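Just so it is clear, none of the values below were taken in a lab; they were calculated from the coordinates. In this analysis, Cβ positions are derived from the backbone assuming ideal geometry, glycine residues included, and neighbour counts consider all displayed protein chains.
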Amino acid sequence: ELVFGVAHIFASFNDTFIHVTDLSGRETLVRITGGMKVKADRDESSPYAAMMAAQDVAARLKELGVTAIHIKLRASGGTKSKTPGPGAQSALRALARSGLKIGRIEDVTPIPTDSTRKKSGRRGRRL
Amino acid sequence: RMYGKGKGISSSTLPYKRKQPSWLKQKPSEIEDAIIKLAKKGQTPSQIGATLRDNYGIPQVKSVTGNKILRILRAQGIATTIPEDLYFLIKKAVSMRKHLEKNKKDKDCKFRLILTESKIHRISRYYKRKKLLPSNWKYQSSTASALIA
Amino acid sequence: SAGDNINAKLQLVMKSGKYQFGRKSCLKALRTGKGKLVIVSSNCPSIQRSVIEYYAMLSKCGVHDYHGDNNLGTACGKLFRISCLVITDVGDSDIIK
Amino acid sequence: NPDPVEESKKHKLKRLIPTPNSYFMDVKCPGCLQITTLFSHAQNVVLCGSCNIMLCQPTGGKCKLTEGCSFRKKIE
Amino acid sequence: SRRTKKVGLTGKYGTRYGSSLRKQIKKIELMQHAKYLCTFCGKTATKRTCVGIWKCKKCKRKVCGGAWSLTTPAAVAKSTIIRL
Amino acid sequence: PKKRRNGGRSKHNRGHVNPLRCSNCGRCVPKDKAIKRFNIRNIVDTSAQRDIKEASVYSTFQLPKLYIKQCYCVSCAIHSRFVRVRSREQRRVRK
Amino acid sequence: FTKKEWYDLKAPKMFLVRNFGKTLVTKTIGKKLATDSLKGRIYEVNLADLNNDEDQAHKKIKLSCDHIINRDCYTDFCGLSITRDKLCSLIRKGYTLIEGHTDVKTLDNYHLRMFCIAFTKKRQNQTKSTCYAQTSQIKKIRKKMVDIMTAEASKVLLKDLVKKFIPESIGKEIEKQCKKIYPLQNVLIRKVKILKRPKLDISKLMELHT
RNA sequence: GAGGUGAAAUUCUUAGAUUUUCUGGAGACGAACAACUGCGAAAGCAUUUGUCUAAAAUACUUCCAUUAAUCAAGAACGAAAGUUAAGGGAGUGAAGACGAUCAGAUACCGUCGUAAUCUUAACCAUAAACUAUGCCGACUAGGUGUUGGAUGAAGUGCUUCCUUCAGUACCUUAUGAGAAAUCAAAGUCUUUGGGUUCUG
């Protein structure tokens with residue numbers, strides 16, 4: 001008896017969304033993110049927030065009964081950035097040390113085949 | 001090169017030997033007979049010479065016969081009233097004019113039409129500089145379609 | 001490059017062989033049998049196409065729709081609409097086959 | 001001493017003295033036994049006289065010829 | 001000779017009405033009054049008769065169309081229809 | 001002066017190029033000028049990689065090798081220590 | 001919540017495990033039937049995790065539910081695509097990339113839109129850096145590949161098609177035919193999509209599942 | 001709670017935002033392949049497919065027989081911006097509103113957002129429209145490449161090497177140059193003159 005569930009980790013240079021969903025992809029189970037964990041208005045993507053939120057969701061999922069987890073990695077979007085956020089690695093470390101069963105890890109960060117114009121004009125940002 | 005760039009040094013070079021090839025035995029009489037029959041069967045003089053060289057094997061017609069191809073074609077009165085190159089260029093002119101009337105947006109077609117018609121005027125001036133053309137030719141862009149005859 | 005062949009063949013045949021065009025002339029040629037092949041324009045009225053084609057099939061002669069309209073004037077050497085051609089005496093040209 | 005040069009074949013066309021790379025050949029078809037004349041580096045297809053058969057595939061180069069036959073440089 | 005420089009066909013209106021509404025109108029009546037080619041005969045003898053009907057003098061066979069253009073981009077959907 | 005022979009771009013027998021954008025600042029740069037780094041960085045650092053591997057299953061699962069292919073403008077590149085000024089006599093030498 | 005119930009899943013008979021995971025459904029209160037919400041969803045599973053083999057870890061197939069009884073669902077083939085990591089790992093500079101796609105209607109009145117990715121081959125004796133082919137060569141490759149694929153993709157049924165995607169008997173013959181023209185390297189099918197499918201066929205679906 | 005930042009605020013959010021997933025619309029774009037690579041006289045041109053049209057390169061024992069070069073006058077095209085008229089109008093986004101930072105900040109940073117950007121028909125003829133090097137023509141020195149040909153030979157009807165064209169860059173040398181930076185052409189200049197136009 002082994003049951004699988006998807007975990008979307010969304011790291012966008014900011015709050016690290018943790019979103020554990022049914023393996024189908026709809027009607028999610030638990031969405032924790034990192035916002036309601038740190039109240040300092042900064043360090044949302046800091047490893048501490050992601051680690052403690054991930055250990056909390058680990059305990060919750062131990063209680064529920066699901067153990068096997070697939071991982072879906074998303075980073076910002078197709079128009080803001082391209083690399084996974086700093087907190088994603090901390091979230092993976094916390095899920096590893098939690099004791100939950102781990103399945104397959106894959107990247108679902110959107111990649112725009114088009115060349116839609118992104119923020120800031122031709123001269124670009126100045127910072 | 002007349003336009004664009006690129007020298008394009010590729011061309012054809014005639015041999016040093018100017019007499020008839022020693023192996024050749026064909027006689028001029030039948031050579032002019034065959035060329036006249038074929039140019040009557042229908043082909044422009046450049047490809048006439050090309051097919052004479054290829055299918056018939058008569059290299060250097062200026063040598064194997066005492067006269068050149070255009071002159072041996074014209075001496076019988078069968079001569080076309082407009083030269084080969086000018087005729088072909090005018091045909092190209094009417095072709096891209098026919099296309100450009102349908103499509104008034106093709107700017108590169110417009111460029112090349114301007115270029116080719118400038119060449120048309122230049123070559124027409126050259127050919128009327130001699131007595132090798134009616135002196136009344138002007139080549140208005142109206143009757144270009146039927147001017148090919 | 002499909003109609004270039006027929007264009008060139010017509011250009012050669014105008015220089016090389018006897019030719020008649022016009023409705024009454026082509027009717028006369030097909031009635032007397034002197035006609036060998038007929039070129040009919042695409043935009044010619046359907047009645048003319050039908051009558052010429054029927055007369056051709058009755059008199060055992062060819063028939064060919066042109067690639068374009070009745071602006072065969074630019075191709076045939078004349079300067080006016082023609083819309084129908086009968087070739088009475090093919091010269092030295094490859095139009096037969 | 002560029003005048004008495006000997007190995008200038010490897011040199012590009014129109015060397016010290018221009019000399020065409022083309023030549024003429026006599027081709028004998030194996031088993032068909034007829035004579036004809038042919039031009040290397042031609043630009044149009046050719047058929048034999050005795051029996052009408054396909055000889056050459058005209059390409060920009062030295063032509064393709066046929067699988068067999070015996071062609072000899074007709075140069076004197 | 002050339003009696004006018006640029007006003008052309010709109011000189012009938014005199015000095016009244018602005019140039020931004022005379023140059024604008026001149027864009028269309030020049031190709032309105034000019035006769036058009038007829039498909040059915042190949043004779044460029046189709047004129048206007050009303051707001052939407054064109055007639056060939058030779059054919060005496062009238063065809064409907066646009067307000068002033070025999071063909072228009074909104075009427076070149078015949079290609080999409082005919083590709084079938 | 002003509003400080004650089006190639007003019008900071010490989011433009012040769014070409015009239016125009018499609019311009020891309022800098023990842024960092026967003027400024028527009030032509031493709032044949034912006035610094036491009038085709039980068040292969042692991043999903044997680046090796047420290048967590050070890051624990052992931054021995055907390056995984058099938059005993060043969062391999063962690064994915066992600067790809068980046070990122071670009072940077074001149075200013076952001078020189079700011080982020082992606083390039084060095086080098087010396088004039090050495091400036092010609094590339095590799 | 002505490003009002004939800006487990007739901008195991010089933011796959012057609014030809015596969016090896018036919019049972020990979022358990023989805024979740026809300027309560028059975030009205031006015032919902034607790035079945036329409038279950039119906040019409042999508043799935044994602046590695047073929048490696050669906051066949052217990054390492055070689056097939058680079059492809060994934062979507063499954064869409066189509067019928068429900070008692071507790072276990074039935075699903076149906078809905079989409080095939082490739083993993084992004086290997087997709088990226090295949091592409092490297094120095095080789096030109098060849099892309100192809102078309103639309104083919106199957107013998108089962110199914111419409112499937114599919115893509116293929118192709119690579120050039122260095123081979124041995126070239127001793128050069130670039131390995132690009134002529135534009136006309138690539139155009140011939142595309143035309144030949146679409147002509148080859150459409151025959152075996154339309155002459156068969158969808159069950160045979162999805163089973164033939166297991167031994168990948170398409171790419172082998174693509175390579176064999178393109179050998180005589182221009183050598184290639186690892187070539188594969190990127191994505192399959194269902195352009196259109198007719199209405200539910202309970203009899204055929206249930207006979208194919210058994 | 002979500003965007004957000006070096007912070008923060010503006011803004012959205014118990015009427016379920018952000019987020020996972022499925023379906024239909026719209027507009028844009030065609031990345032990764034992609035480069036000291038290609039084509040175009042120049043501005044430009046990177047999904048596939050069909051039609052039409054042109055150009056260039058090689059090879060030629062094909063023709064024409066001086067038909068050529070540059071140009072005062074003139075003509076054709078001519079980035080973005082802008083204007084005129086219809087369509088279309090996602091995203092970005094001059095104006096403007098704001099919120100910040102600041103001694104003040106009309107700005108850099110953040111939120112929104114109008115003209116615009118996109119298509120059809122016309123103007124506008126300007127750009128750091130830059131190899132800043134006008135065009136044609138002969139010569140002087142080698143190597144490394146590389147794009148598209150062509151010739152002969154060889155790993156096995158196919159694939160590489162030899163040689164040669166047309167581009168096309170790079171690297172070294174100049175009892176060549178120049179004020180040098182540097183340049184195989186800015187060289188073949190006081191031992192001063194191949195032709196031609198424009199400009200100071």
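Of all residue pairs spaced 6 or more apart or on separate chains, those with beta-carbon atoms under 6 Å, a first member in region F:56-70 that is closer than 14 Å to G:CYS88 by Cα and within 8 Å of another protein chain (Cβ to nearest Cβ) and a second member that is assigned to a loop (DSSP other than H, G, I, E, B) and of a type in the set (S, T, N, Q) are F:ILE68/F:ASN39; F:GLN70/F:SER23; F:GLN70/F:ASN39. Considering D:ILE35, D:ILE75, the condition of being within 11 Å of chain B (Cβ to nearest Cβ) and either farther than 17 Å from B:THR51 by Cβ or surrounded by 11 or more Cβ atoms within 10 Å (Cβ to Cβ) (or both) is satisfied by D:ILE75 alone. Residues in region C:68-81 that are surrounded by fewer than 18 Cβ atoms within 10 Å (Cβ to Cβ), closer than 16 Å to E:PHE40 by Cα and either touching a residue at least 60 places away in the same chain (Cβ under 8 Å) or of a type in the set (A, V, I, L, M, F, W, C) (or both): C:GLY68, C:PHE80. Within region D:38-66, residues that are over 25 Å from B:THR13 (Cβ atoms) have Cβ atoms under 7 Å from residues that are aliphatic (A, V, I, L, M) and in a loop (DSSP other than H, G, I, E, B) in these pairs: D:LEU47/D:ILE53; D:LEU47/D:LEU55; D:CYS48/D:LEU55; D:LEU55/D:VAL46; D:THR66/D:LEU55, counting only partners at least 6 apart in sequence or on another chain.
Residue count for region F:6-21 satisfying the condition of being within 8 Å of chain A (Cβ to nearest Cβ) and more than 14 Å from A:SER115 (Cβ to Cβ): 0. Taking the criterion of being in a loop (DSSP other than H, G, I, E, B) and away from RNA strand H (no atom under 15 Å from the Cβ), the residues of region D:14-44 that qualify are D:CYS29, D:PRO30, D:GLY31, D:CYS32, D:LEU33, D:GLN34, D:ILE35, D:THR36. Screening region G:57-172 for helices (runs of 4 or more DSSP H) wholly inside it with 1 or more residues that are more than 14 Å from chain F (Cβ to nearest Cβ) and within 16 Å of the chain's Cα centre (by Cα) returns the ranges G:135-154, G:158-164.
One residue is enough: does region B:47-64 have a residue meeting the conditions in a loop (DSSP other than H, G, I, E, B) and more than 13 Å from chain D (Cβ to nearest Cβ)?
Quick first cut of region B:47-64, residues in a loop (DSSP other than H, G, I, E, B) only: B:57-60.
With more than 13 Å from chain D (Cβ to nearest Cβ) added as a condition, the list becomes none.
No, region B:47-64 contains no residue that is in a loop (DSSP other than H, G, I, E, B) and more than 13 Å from chain D (Cβ to nearest Cβ).
Scanning region A:16-57 for residues that are over 16 Å from A:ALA88 (Cβ atoms), within 14 Å of another protein chain (Cβ to nearest Cβ) and either more than 10 Å from RNA strand H (Cβ to nearest atom) or touching a residue at least 24 places away in the same chain (Cβ under 8 Å) (or both) gives A:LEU23, A:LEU29, A:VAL30.
Could you list, in sequence order, all residues of region G:166-210 that are within 16 Å of RNA strand H (Cβ to nearest atom), under 21 Å from G:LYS140 (Cα atoms) and aliphatic (A, V, I, L, M)? Even if it seems obvious, please write down each step before you answer.
Applying the first criterion (within 16 Å of RNA strand H (Cβ to nearest atom)) to region G:166-210 yields G:175-200.
Restricting the remaining residues to those that are under 21 Å from G:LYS140 (Cα atoms) gives G:175-190.
Selection gives G:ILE181, G:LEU184, G:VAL187, G:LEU188, G:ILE189.
Would you say B:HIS121 is farther than 30 Å from D:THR37 by Cβ and near RNA strand H (Cβ under 7 Å from one of its atoms)? Considered against the rule, which asks whether it is farther than 30 Å from D:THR37 by Cβ and near RNA strand H (Cβ under 7 Å from one of its atoms), B:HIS121 comes out as no.
So for region D:55-70 (the condition being aliphatic (A, V, I, L, M) and facing chain B (nearest Cβ under 9 Å)), does at least one residue qualify?
no
Can you find even one residue in region A:87-104 that is more than 11 Å from chain F (Cβ to nearest Cβ) and out of contact with any strand residue (DSSP E or B) (no Cβ under 6 Å at 6 or more places or on another chain)? Don't jump to the end; show me each part of the working.
Just the residues of region A:87-104 that are more than 11 Å from chain F (Cβ to nearest Cβ), to begin with: A:87.
Narrowing the set further to residues that are out of contact with any strand residue (DSSP E or B) (no Cβ under 6 Å at 6 or more places or on another chain) leaves A:87.
Yes; the residues of region A:87-104 include at least one that is more than 11 Å from chain F (Cβ to nearest Cβ) and out of contact with any strand residue (DSSP E or B) (no Cβ under 6 Å at 6 or more places or on another chain).
Sub-7 Å Cβ pairs linking a first residue in region B:135-149 that is surrounded by 12 or more Cβ atoms within 10 Å (Cβ to Cβ) to a second residue that is among the small types (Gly, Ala, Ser), at least 6 apart or interchain, are B:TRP137/B:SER124; B:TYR139/B:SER124; B:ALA144/B:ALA93; B:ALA146/C:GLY73; B:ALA146/C:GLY77, ordered by first then second residue. Among the conditions (1) assigned to a loop (DSSP other than H, G, I, E, B); (2) in contact with a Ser or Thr (Cβ under 8 Å, 6 or more places away or on another chain), the only one that E:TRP54 does not satisfy is (1). The condition of being surrounded by 12 or more Cβ atoms within 10 Å (Cβ to Cβ) and under 21 Å from G:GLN56 (Cβ atoms) does not hold for G:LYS140.
Kindly indicate whether any position in region C:83-96 is surrounded by fewer than 15 Cβ atoms within 10 Å (Cβ to Cβ), of a type outside the set (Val, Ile, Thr) and within 14 Å of chain B (Cβ to nearest Cβ).
Applying the first criterion (surrounded by fewer than 15 Cβ atoms within 10 Å (Cβ to Cβ)) to region C:83-96 yields C:89, C:92, C:94, C:96.
Next cut, of a type outside the set (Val, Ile, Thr) only: C:89, C:92, C:94.
Cutting the leftovers down to within 14 Å of chain B (Cβ to nearest Cβ) gives us C:92, C:94.
Scanning region C:83-96 turns up at least one residue that is surrounded by fewer than 15 Cβ atoms within 10 Å (Cβ to Cβ), of a type outside the set (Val, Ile, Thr) and within 14 Å of chain B (Cβ to nearest Cβ).
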